[PDB]
Chemist: 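Have a look at this one before I ask anything.
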Amino acid sequence: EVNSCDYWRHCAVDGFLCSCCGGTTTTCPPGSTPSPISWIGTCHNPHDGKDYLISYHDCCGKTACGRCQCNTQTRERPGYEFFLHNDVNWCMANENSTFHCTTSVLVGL
Amino acid sequence: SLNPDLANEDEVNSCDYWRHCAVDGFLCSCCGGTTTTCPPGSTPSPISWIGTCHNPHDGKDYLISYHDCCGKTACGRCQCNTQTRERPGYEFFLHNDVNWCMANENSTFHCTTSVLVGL
Amino acid sequence: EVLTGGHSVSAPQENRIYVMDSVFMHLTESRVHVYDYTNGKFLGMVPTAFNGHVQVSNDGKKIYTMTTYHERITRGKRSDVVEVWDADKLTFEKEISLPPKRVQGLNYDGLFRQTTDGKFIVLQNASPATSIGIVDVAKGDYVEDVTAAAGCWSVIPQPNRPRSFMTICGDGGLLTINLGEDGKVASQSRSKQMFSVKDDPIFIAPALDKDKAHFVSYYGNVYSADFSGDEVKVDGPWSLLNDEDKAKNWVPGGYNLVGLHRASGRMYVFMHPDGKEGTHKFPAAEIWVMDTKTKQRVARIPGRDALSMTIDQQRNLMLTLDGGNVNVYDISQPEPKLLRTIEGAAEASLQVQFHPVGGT
Amino acid sequence: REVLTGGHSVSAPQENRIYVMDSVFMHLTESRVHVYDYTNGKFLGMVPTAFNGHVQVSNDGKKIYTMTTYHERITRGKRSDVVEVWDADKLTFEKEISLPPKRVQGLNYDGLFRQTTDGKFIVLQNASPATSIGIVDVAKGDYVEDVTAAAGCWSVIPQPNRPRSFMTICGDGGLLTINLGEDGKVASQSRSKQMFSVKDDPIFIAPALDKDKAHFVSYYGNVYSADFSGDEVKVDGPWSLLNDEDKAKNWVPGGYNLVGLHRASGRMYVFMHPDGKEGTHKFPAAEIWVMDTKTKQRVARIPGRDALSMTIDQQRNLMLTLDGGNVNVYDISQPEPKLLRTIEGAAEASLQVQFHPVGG
Ligand SMILES: *NNc1ccccc1
Ligand SMILES: *NNc1ccccc1
């Protein structure tokens with residue numbers, strides 16, 4: 001279920017799911033580097049009915065994974081609310097900004 | 001049959017057009033160029049593979065030089081992979097699985113042309 | 001026969017459009033595809049490396065691209081640049097060095113613009129702190145960051161002034177920047193709150209007139225910024241929606257999702273039914289045509305799943321783009337008329353633009 | 001609270017891994033190697049390889065070697081041809097080795113980028129377009145020899161029975177053997193007698209390689225052999241793959257990396273198609289034929305699944321086949337291959353797949 005765009009934690013992913021790319025939801029595929037910065041989403045947990053903060057750190061420094069492309073936009077907002085915005089490359093400040101895939105890191109309630 | 005510019009565009013832009021018999025690549029005539037002119041901002045290769053193609057319209061065989069156009073990224077249109085009389089790399093100038101842009105100032109492959117040399 | 005290069009684009013400038021292909025699946029090989037809108041013919045292309053952006057010089061002679069290189073693509077030193085290309089030969093002419101923070105992101109028009117006088121390129125930076133970058137076209141130089149635009153996003157040129165532009169800020173207002181002849185900030189001003197960021201967020205894409213801009217919101221309201229005077233006056237909301245529209249939850253959706261036909265005041269907007277949180281980038285079920293003076297819808301037509309558009313004021317045309325295919329419309333009358341579709345113009349484009357004609 | 005981490009190794013053991021070299025011909029500047037687990041089809045990772053990359057895994061299984069071309073600005077600027085050494089488990093870049101700017105740019109035949117049996121030297125094909133063979137000393141990270149004696153020859157066939165010897169196919173229809181010294185310089189060489197007629201019965205370059213001999217198939221379905229049990233290569237052939245029934249339907253070989261040998265049995269695998277004529281030598285397989293190279297007779301035939309390239313793993317008795325996009329996994333422990341699974345969407349445009357080495 002984690003490799004589907006409709007998995008609940010992926011509600012503001014614009015990118016390739018890292019779990020389909022040799023990584024997991026919280027680990028970068030081998031040889032790709034986490035972004036220290038990210039957009040954040042608030043996603044509804046369908047089990048407990050509570051909303052959770054998800055941090056969408058990208059994995060960077062390798063060319064596009066190309067698998068499990070998603071474009072979900074729950075509570076996403078334009079660049080004037082920059083850290084809620086997912087039409088920018090969150091690898092933009094990495095040593096190498098080439099975008100590989102997006103992770104869905106659970107922060108908390 | 002010898003002058004593609006006077007022919008039907010749809011005819012010359014087809015992989016089955018008689019003079020495209022050893023093309024591996026994108027036809028330049030679909031890429032903003034013509035059979036004998038590189039698309040704007042791409043550079044002809046000074047070297048090429050050569051194929052021999054039969055012209056069914058006039059019954060004669062012609063030497064065709066497959067020069068590439070170079071220094072722009074892949075055109076992506078009208079990809080062909082025809083292999084009449086094509087041979088492996090130990091007959092190097094008959095071989096079309098190599099980039100004939102290989103000696104250009106910029107070797108990035110854009111598209112392939114089919115230039116009529118003669119009988 | 002002899003193969004030659006050095007050739008110009010085969011169709012005249014007034015026939016040309018530019019489809020910015022991000023090639024997201026292979027984003028390091030983005031490019032601009034040049035097409036003839038009158039017959040669908042592919043005319044040529046400009047390579048733009050990683051996540052290129054593109055615009056045409058106001059005078060129609062050059063193509064400006066913005067991109068990022070690294071010495072070894074996925075490793076090595078970064079170089080962010082603007083490139084100047086000749087429009088007719090589709091050849092590289094000049095590289096202008098930028099600081100390594102040009103915006104990397106989807107191709108909204110407002111990320112890469114120019115002043116009305118064409119003397120400055122005006123681009124969005126994100127480090128991720130935001131600022132606006134200014135490039136002096138005549139000098140081939142970066143000037144300096146417009147630091148005043150921190151916490152703001154995107155560039156809306158004021159077509160009634162030579163070197164002024166606005167940006168949308170996190171307080172729901174607009175910041176206006178007026179450049180001097182050297183490209184440095186000569187003055188600035190900040191409007192009152194236009195929209196509630198929390199309750200009625202707007203799309204950044206302006207429906208841009210000569211002295212005002214309209215913006216649509218996530219809930220189908222309209223806001224305006226009037227910059228006829230030295231200070232910007234803001235207004236709204238008014239609704240795009242009648243009761244029937246509201247009962248079926250029609251809202252706007254797309255990327256470069258609006259356009260203004262300036263002579264008539266008609267605003268074009270991509271819309272879809274069954275709106276809710278998360279549908280703001282949905283493809284167009286329909287295109288609505290709004291009279292901005294009477295504030296009523298005058299037409300509605302099938303959207304062809306379009307996401308982005310552009311308007312030509314000089315030929316009374318609208319292009320729409322669904323990511324891969326470009327639709328050409330005649331908008332000389334209230335109801336648009338579909339002329340043709342150019343199939344396979346891109347693999348992943350969210351931006352199309354005409355070659356400028358006139359516009360002085 | 002979860003924390004995102006990097007630095008991880010490939011999640012499956014080396015013995016499960018295969019390497020699909022994706023040319024991405026439509027966007028050839030973003031070629032890459034995709035790493036898959038053949039046991040379950042899981043995607044494990046990838047290595048970027050820029051323009052028209054080639055790949056091989058070190059014989060000891062510890063490193064991945066790539067060969068590629070960069071330019072300072074991709075489509076302009078200074079060219080850099082390189083070999084890169086990558087860690088096989090971390091899929092990270094370690095070292096760049098400079099090459100002269102003439103490495104072969106072309107489709108991914110195995111024989112364009114190889115290594116000596118002892119693993120100490122990388123042996124690669126150059127074309128400027130004049131041909132030569134380049135030698136890279138892995139330990140030193142240096143290009144150490146350029147074998148100009150191989151002018152007019154093509155491709156590299158390592159000899160598995162000698163530590164630093166390989167052969168190449170020459171324009172005279174014979175083989176040139178090169179024996180490198182421990183410094184990577186040519187220590188000796190020899191030329192065979194004519195093996196095949198270049199004009200009348202051209203061979204495919206792909207070897208069906210045994211420990212002490214190699215077999216080649218021809219455009220017309222003949223088989224040639226090169227026995228290198230001694231210092232001088234002994235050549236023979238042709239024998240025909242075809243019986244009279246096969247000839248009546250015009251069966252011939254076709255593909256790219258189109259043959260393989262199971263060394264324990266002597267079985268040779270070949271992609272074949274009916275209705276052969278001039279120009280069909282790269283056609284997808286209608287069938288895979290299984291030949292007994294000792295008796296010089298076919299033993300089995302199975303559907304080809306439109307495959308173009310293959311590779312064999314000796315120790316697990318496996319054959320992979322590849323149709324450009326999908327990888328089929330076969331068990332070849334018995335004379336009839338058995339299809340175990342298909343990995344769909346392994347590449348967009350691949351003509352080469354390879355197993356991770358397990359021999360050492
Ligand atoms: N989420 N990462 C991303 C988004 C948009 C473009 C490039 C990368
Ligand atoms: N014909 N030019 C060509 C062929 C194969 C690869 C790249 C270019």
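Here is the naming used below: chain letters follow the sequence lines, and residue numbers restart at 1 for every chain. Atoms considered below: every heavy atom in the structure, side chains included; atoms not considered: hydrogens, waters and symmetry mates. Each ligand, and each atom within it, is numbered from 1 in the order the structure gives.
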Chemist: Taking distance alone, with N or O pairs closer than 3.5 Å, would you say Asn89(A) contacts ligand 1?
Modeler: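 Looking only at distances, the answer is no, because the N/O contact criterion of under 3.5 Å is not met.
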
Chemist: Quick check: does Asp14(A) get an N/O under 3.5 Å from an N/O on ligand 1?
Modeler: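 N/O-N/O distance below 3.5 Å exists for this pair.
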
Chemist: Before accepting this row, confirm whether a basic side-chain N of the pair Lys282(D)/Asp97(B) lies closer than 4.0 Å to the acidic partner's carboxylate O.
Modeler: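 Answer for the salt bridge query: yes.
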
Chemist: Number the atoms of ligand 1 from 1 as they appear, then name those within less than 4.0 Å of a heavy atom of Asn86(A), with their elements.
Modeler: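 That gives atoms 4 (C), 5 (C) of ligand 1.
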
Chemist: Looking at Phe24(C), which atoms of ligand 1 are within less than 4.0 Å of one of its heavy atoms?
Modeler: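 Listed by number with element, the hits are 6 (C), 7 (C).
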
Chemist: Is the distance from the ring center of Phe24(C) to that of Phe16(A) below 6.0 Å?
Modeler: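 Centroid distance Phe24(C)-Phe16(A): below 6.0 Å, so yes.
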
Chemist: Just heavy atoms, cut-off under 4.0 Å: does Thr102(A) contact ligand 1 by side chain, backbone, both, or neither?
Modeler: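 The answer is the side chain of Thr102(A).
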
Chemist: Any heavy atom of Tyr56(A) closer to ligand 1 than 4.0 angstrom?
Modeler: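 So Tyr56(A) does not count as touching ligand 1.
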
Chemist: Quick one: closest heavy-atom pair of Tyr256(D) and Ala206(D), and the distance?
Modeler: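 Minimum heavy-atom separation between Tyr256(D) and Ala206(D): O-CB, 3.9 Å.
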
Chemist: Just by distance, no angles: are the side chains of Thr75(D) and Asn106(B) close enough, under 3.5 Å, to form a donor-acceptor pair?
Modeler: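 The answer is no; no qualifying pair exists.
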
Chemist: Should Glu1(C) and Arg19(B) count as an ion pair when the cut-off is N to O under 4.0 Å?
Modeler: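 Counted as a salt bridge, because a side-chain N and a carboxylate O are separated by less than 4.0 Å.
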
Chemist: For atom 2 (N) of ligand 2, find the nearest protein heavy atom and state the residue, atom name and distance (0.1 Å precision).
Modeler: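 Of every protein heavy atom, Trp49(B) CH2, 2.5 Å lies nearest to atom 2 (N) of ligand 2.
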
Chemist: Would you kindly specify which portion of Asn51(C) sits under 4.0 Å from ligand 1, judged on non-hydrogen atoms: side chain, backbone, both or neither?
Modeler: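 Neither part.
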
Chemist: Does ligand 2 have any atom sitting under 4.0 Å from a heavy atom of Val98(B)?
Modeler: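 Yes; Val98(B) lies near enough to ligand 2 that a heavy-atom distance drops under 4.0 Å.
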
Chemist: Are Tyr219(D) and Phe204(D), when compared by the centres of their aromatic rings, separated by less than 6.0 Å?
Modeler: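 Distance test on ring centres: under 6.0 Å, yes.
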
Chemist: Any salt bridge between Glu278(D) and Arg87(B), counting N to O under 4.0 Å?
Modeler: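 Answer for the salt bridge query: yes.
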
